[PDB]
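# Structural overview
The chain contents come next:
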Amino acid sequence: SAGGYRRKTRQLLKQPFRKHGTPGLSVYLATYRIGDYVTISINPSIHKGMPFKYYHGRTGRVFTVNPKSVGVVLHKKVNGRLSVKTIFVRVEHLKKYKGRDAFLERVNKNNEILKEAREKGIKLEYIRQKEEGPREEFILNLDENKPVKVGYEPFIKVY
Amino acid sequence: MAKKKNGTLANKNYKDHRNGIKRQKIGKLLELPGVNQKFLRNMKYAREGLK
Amino acid sequence: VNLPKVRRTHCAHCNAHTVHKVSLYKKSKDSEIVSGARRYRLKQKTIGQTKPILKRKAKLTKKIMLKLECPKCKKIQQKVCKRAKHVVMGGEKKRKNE
RNA sequence: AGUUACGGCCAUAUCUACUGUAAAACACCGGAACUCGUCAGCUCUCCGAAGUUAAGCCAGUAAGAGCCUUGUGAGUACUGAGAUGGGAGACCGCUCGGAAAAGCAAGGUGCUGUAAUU
RNA sequence: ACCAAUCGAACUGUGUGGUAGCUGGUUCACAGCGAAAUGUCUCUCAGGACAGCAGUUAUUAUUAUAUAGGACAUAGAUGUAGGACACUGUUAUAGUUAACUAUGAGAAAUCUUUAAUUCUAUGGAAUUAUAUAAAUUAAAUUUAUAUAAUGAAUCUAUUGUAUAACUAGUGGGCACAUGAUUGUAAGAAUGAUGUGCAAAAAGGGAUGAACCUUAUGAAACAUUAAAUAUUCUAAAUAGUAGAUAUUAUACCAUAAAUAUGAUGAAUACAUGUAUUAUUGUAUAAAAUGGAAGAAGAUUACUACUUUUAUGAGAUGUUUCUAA
RNA sequence: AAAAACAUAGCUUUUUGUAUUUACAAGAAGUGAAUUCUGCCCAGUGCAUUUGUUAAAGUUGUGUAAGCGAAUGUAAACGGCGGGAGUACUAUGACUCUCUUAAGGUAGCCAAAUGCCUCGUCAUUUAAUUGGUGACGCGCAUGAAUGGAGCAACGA
RNA sequence: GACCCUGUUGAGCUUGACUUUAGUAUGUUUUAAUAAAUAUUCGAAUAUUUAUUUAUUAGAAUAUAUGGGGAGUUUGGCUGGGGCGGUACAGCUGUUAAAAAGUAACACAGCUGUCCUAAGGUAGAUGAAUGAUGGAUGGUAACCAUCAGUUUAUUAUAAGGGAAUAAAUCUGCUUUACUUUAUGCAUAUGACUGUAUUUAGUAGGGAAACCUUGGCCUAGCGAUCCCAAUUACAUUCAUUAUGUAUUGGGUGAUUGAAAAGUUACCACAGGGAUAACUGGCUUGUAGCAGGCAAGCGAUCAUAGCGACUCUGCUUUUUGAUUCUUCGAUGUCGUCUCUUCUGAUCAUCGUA
Ligand SMILES: [Mg+2]
Ligand SMILES: [Mg+2]
Ligand SMILES: [Mg+2]
Ligand SMILES: [Mg+2]
Ligand SMILES: [Mg+2]
Ligand SMILES: [Mg+2]
Ligand SMILES: [Mg+2]
Ligand SMILES: [Mg+2]
Ligand SMILES: [Mg+2]
Ligand SMILES: [Mg+2]
Ligand SMILES: [Mg+2]
Ligand SMILES: [Mg+2]
Ligand SMILES: [Mg+2]
Ligand SMILES: [Mg+2]
Ligand SMILES: [Mg+2]
Ligand SMILES: [Mg+2]
Ligand SMILES: [Mg+2]
Ligand SMILES: [Mg+2]
Ligand SMILES: [Mg+2]
Ligand SMILES: [Mg+2]
Ligand SMILES: [Mg+2]
Ligand SMILES: [Mg+2]
Ligand SMILES: [Mg+2]
Ligand SMILES: [Mg+2]
Ligand SMILES: [Mg+2]
Ligand SMILES: [Mg+2]
Ligand SMILES: [Mg+2]
Ligand SMILES: [Mg+2]
Ligand SMILES: [Mg+2]
Ligand SMILES: [Mg+2]
Ligand SMILES: [Mg+2]
Ligand SMILES: [Mg+2]
Ligand SMILES: [Mg+2]
Ligand SMILES: [Mg+2]
Ligand SMILES: [Mg+2]
Ligand SMILES: [Mg+2]
Ligand SMILES: [Zn+2]
């Protein structure tokens, strides 16, 4: 626990139970382009291209693609401000960030509603995410629903 | 010394948020240091024949 | 540590690999016409001593310097290895399980 | 509707016992004149088609072990915010919110992509 | 020991206003703004420099088509309390034919497991048509760059936001609440999160730097908070019941193991024997004459409810002064 | 602070035969009247005596210094002077064995101004003594001119 | 404040502290002429020695050695006061450490200044450790076959992490333990270092895809000035010196002065930021009491005592801490004298 490159890693760089071994082919078949969104997860079975332990699990953006490295931009919290960092990692340490898929589907579907309303004279009725407000009203039936009486009950010791 | 106090971390968080916390803006992409040199030379040649 | 006497490396002047020859390095003997000795010889004509000498030292062994030599260029290169206590060059190689 | 060549996810796809399969295929199977390999044509390599469905591959049975999943366990253990609440102390009780595991029952025992042949 | 009241290096004048990271002092009014006792380096620990916190002046608006010590919706990272004896370390005894089956005890440097919380990212740009390359492919085939057009899409708050230049003080801190390490223990020593005193007024805790109500110019009138209503002392000895011991403090200014009584209390059994809840006494020893704040109180002590009143730069209404 | 300190005669060592002065003289040191004694060690540090390493200047070029080192003397020069095992009713060890070293405290003396344990053990002095005196010795850490032993005369 | 501590403040004194010097010893060169003798080197050059008078004031310039008789100056830091002991003064792993990042103690258990021409690079082949059953001499344990064998074995080393068509054991071949343009991470406002990645060359292994910038990963890490070496060029001429670039020589107090003691004869500026005395919080130690009852007492636990264990009070011993006093609060014991407490030695009353 002195100040080194790999300090205090006992449960962060341990491979989980019944999952040892070299990774598979579905990692290597993926591609990355400039402007995507990528999270970082260390696979502790290769020793060429590991980043520092601080960046384990933070999402960034991809700006360059090299023959052996990918470039990711991030944000670190140095004493006062929020700065800008760049790192080069290998392909076996990344993962495609989901979470824009429900957003990018909403872009493609709203773009279709705008197109069909050009042929008509109506105003646009876009798709936006729902809101939750006060509790709405409902209707209960007392034909098949019977109330159950609830009351207190005397205390009984466990033995 | 008098074996004084070594050092604490109290009100480090209070001194930070006095003037807020500024977020340094990443500029336009393909301008940060470290772009592939082979990729940049072809980008330069493609712009000259354009204009 | 056993070191060889023949190593085939890239030569910058010929721009090709060529067989080199390896020799050790030792510090040569200094001279008195270099400018560091002409200052020190004239400063020391005063009562006392003017420049410090190091008195406490703690190292034990020095590094290794080598000398590769191309036959075509007749030009020398210099390379460096790690620290070691016993250095022999050109010895007999290891014998596998005899 | 099953096989056979490449696979993806990597136990619902593993382990120990018994039982079965028409056609085609997959195997076992016969030998060292040449290429290649050993102490040993055992393995590997190179030519073959008398014999056989005994094993391998595939599919089944078990109040089977193992893995996967639902319910109970249980509003129980624990915990975010609070008071001039209680006790010699160790600690415990209350208000507004969040919420478990191990067991113990019931059920399951691979899914699939491109191509070829019956 | 002595060398003119001077001697472990006499006396007089000059270099001399010798150097001091060390004690002491530093002279008029009002107005605007307002801190640190922390990180790194140092023959550094009674001192310095860089970073942080502060002040003064200046230019500019879709950097409100934007920001936030916030929330919600979605996608995720983790191995702490609880849990377990299945891996690593440990432990008591009985059985069946070394192996299996039971009932017990466990872990700062053990894990088949695993919450509350803390934190990171998205919630507007995307598509079409045309062109350029000396990259890239078996290939108009991809990867990139242009120009044209097509737009305001989660709740709340903020009229500004952003950028430069110059310069001071400080680097011995302490306390409360929550949770820890060493130590038999301490108003002991050393870390973590929040708020204070330092540098903060008035009212209440009899008195007290940090406890409880609470934001700030000069005054007058009404309403409350914290706390109190026999008398000192402004304000009802305004009710049900129990306590016999010179009883009665949130922080707060101490009491235990143990032995026995009492209720028109409860449950089981034969008016009484067993437990449970509430409560009284013994255990209880010090140095000048004493502390519920005091006199004194048994209806001024203790337990549980509803009304009335007193009471703070608090909060309302009116007058006046400050860019 | 008047003494137990200093001095003193007495004893001993050393240098100088080219002294304005001349070896019964002139310089340098230690103990401290008289009586009786003055044991062992030259490995260490010093001191004295005698035949491998080492500067400059000069010469066409070459050669030659003292000192240090080595050998021999010296302790009234500075100084030093051990430990373990068996062996003659119990007990002890004249005698024997053994590690090393420069040599292993002899003549004497003592809980003394020198002994931590310690207010040591025995006798005597007193009604009663951690005091005084006389004996004992494996002496923390006594000891021979860094002087040992000893009291006749003398002492604010 | 004379005692104690701090100050990159002093003075007297000693010496095997650092750096030097008066005095003194020994070489060389300067020294009157003349004649002769002898020796050493090759007619010549050196050296030694004797004699005469024509000199004879008696010194000068350099080098080596000796030299507390003298002269200057120094003699780290952290620290439950200082000293003695250790280094918590540089690097690395797990726990303290409280499920993002960050975090203390003279706190816990440890390691480091090394080793390797193969223990580096690459291609290929391969059930390791162990257990069961058997086989002439053969036994607990020699060698050979068969079956089982989820990582128990190995991987230079401290600990943690990783690896079963294997990063482990064998067989073959080699020197990528390279040269040049640009950028990132520990990490910062910031040097030195370690390590990932790029443009263009030259090579090794392989049928080829591919791999390779020293050790499977986290440690064995060193500025300015000066010295030595390697590669390019620069001036009227040769040889040399000076410049730019890269390595080696080193500071362990590790972002780096050249350094031994004592003061009871002592001095100055300061410190209650820091000890020796009183006071204050605490009670390990000290003192004084309690609860339960195995046993003793001729039988009988409690007339009188009481083992193994458990709960308290007091400030009367001695410790632990450093809140108040260092521009001053007069220490131990004794003499004289007053007052106070109960845990009562007698005297008084009960059982
Ligand atoms: Mg006088
Ligand atoms: Mg203000
Ligand atoms: Mg001060
Ligand atoms: Mg500053
Ligand atoms: Mg979660
Ligand atoms: Mg102050
Ligand atoms: Mg007040
Ligand atoms: Mg009070
Ligand atoms: Mg009144
Ligand atoms: Mg009123
Ligand atoms: Mg107000
Ligand atoms: Mg008011
Ligand atoms: Mg006298
Ligand atoms: Mg007198
Ligand atoms: Mg005398
Ligand atoms: Mg005599
Ligand atoms: Mg001698
Ligand atoms: Mg003799
Ligand atoms: Mg004797
Ligand atoms: Mg005597
Ligand atoms: Mg006596
Ligand atoms: Mg200092
Ligand atoms: Mg001095
Ligand atoms: Mg001196
Ligand atoms: Mg110190
Ligand atoms: Mg290896
Ligand atoms: Mg590596
Ligand atoms: Mg340093
Ligand atoms: Mg004295
Ligand atoms: Mg003074
Ligand atoms: Mg103090
Ligand atoms: Mg006193
Ligand atoms: Mg006690
Ligand atoms: Mg007084
Ligand atoms: Mg006084
Ligand atoms: Mg009494
Ligand atoms: Zn060459």
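Residues numbered from 1 in each chain as written, not as in the entry; some residues may be left out. Chains lettered and ligands numbered in written order. Part of a larger assembly, values for the part shown. Heavy atoms only, no water.

As documented in the archive entry, the model was determined using cryo-EM at 3.4 Å resolution.

### Comments concerning the overall build of chain C
For chain C, the count of helices and strands is one helix and six strands. What you see in chain C, going N to C, is helices and strands ordered as β-β-β-α-β-β-β. Radius of gyration (C-alpha) of chain C: 21 Å, far over the 13 Å computed for a compact globule of 98 residues. With the principal axes as the frame, chain C shows a C-alpha extent of 65 × 40 × 15 Å. The buried share of chain C, reckoned over its 98 residues, is 11%. In chain C, the proportion of contacts linking residues at least 24 apart, taken out of those at least 6 apart, comes to 49%. Looking at chain C as shown, the accessible area adds up to about 9900 Å², and 54% of this sits on carbon and sulfur atoms. (Helix = DSSP H or I, 4+ residues; strand = E, 2+ residues; numbered from the N terminus. Rg over C-alpha atoms; globule rule 2.2 N^0.38 Å. Buried < 20%, exposed > 50% of the residue type's maximum accessible area, 1.4 Å probe, protein only. Contact = heavy atoms within 4.5 Å. Areas by Shrake-Rupley, 256 points an atom, 1.4 Å probe, with all protein chains shown as cover.)

### What about the protein's contact with RNA strand E?
Neighbouring RNA strand E are 48 residues; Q129 of chain A together with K15, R18, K22 and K38 of chain B lie closest to it. Across the atoms of RNA strand E situated within 4 Å of the protein, the share located in sugar and phosphate is 75%. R128 of chain A has a polar side-chain atom sitting 3.3 Å from a sugar or linking oxygen of RNA strand E. Note that a phosphate oxygen of RNA strand E is positioned 3.1 Å from one of the backbone N or O atoms of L9 of chain B. Of all the elements in the fold, those that place two or more residues in the surface near RNA strand E are α1 (101-116) of chain A together with α1 (12-16) and α2 (37-48) of chain B. Looking at which element gives the most residues to the surface near RNA strand E, the answer is α2 of chain B, with seven residues. (Near = heavy atom within 4 Å. Polar contact = N/O pair within 3.5 Å; in protein donor to acceptor, adjacent residues only side chain to side chain.)

### Section: the arrangement of the chains
As for chain C relative to chain A, no contact occurs, and the smallest C-alpha gap between them is 22 Å. One finds no contact linking chain B with chain C; the least C-alpha distance across the pair is 25 Å.

### A closer look at empty space enclosed by the protein
All names here are of chain C. Applying the stated rule across the entire model yields one cavity of 30 Å³ or more. Taken as a whole, the largest cavity holds about 40 Å³ of empty space. Considering the residues around the largest cavity, the lining is formed by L3, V22, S23, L24, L66 and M89. Classifying every residue of the lining of the largest cavity gives five nonpolar, one polar and no charged. (1 Å grid on protein atoms, 1.4 Å probe; cavity = no way out; pocket = protein on both sides within 12 Å on 5 of 7 lines; lining within 4 Å. Points joined across faces, edges and corners; volume = space filled by probe spheres on them. Nonpolar A, V, L, I, M, F, W, Y, C, P; charged D, E, K, R; others polar.)

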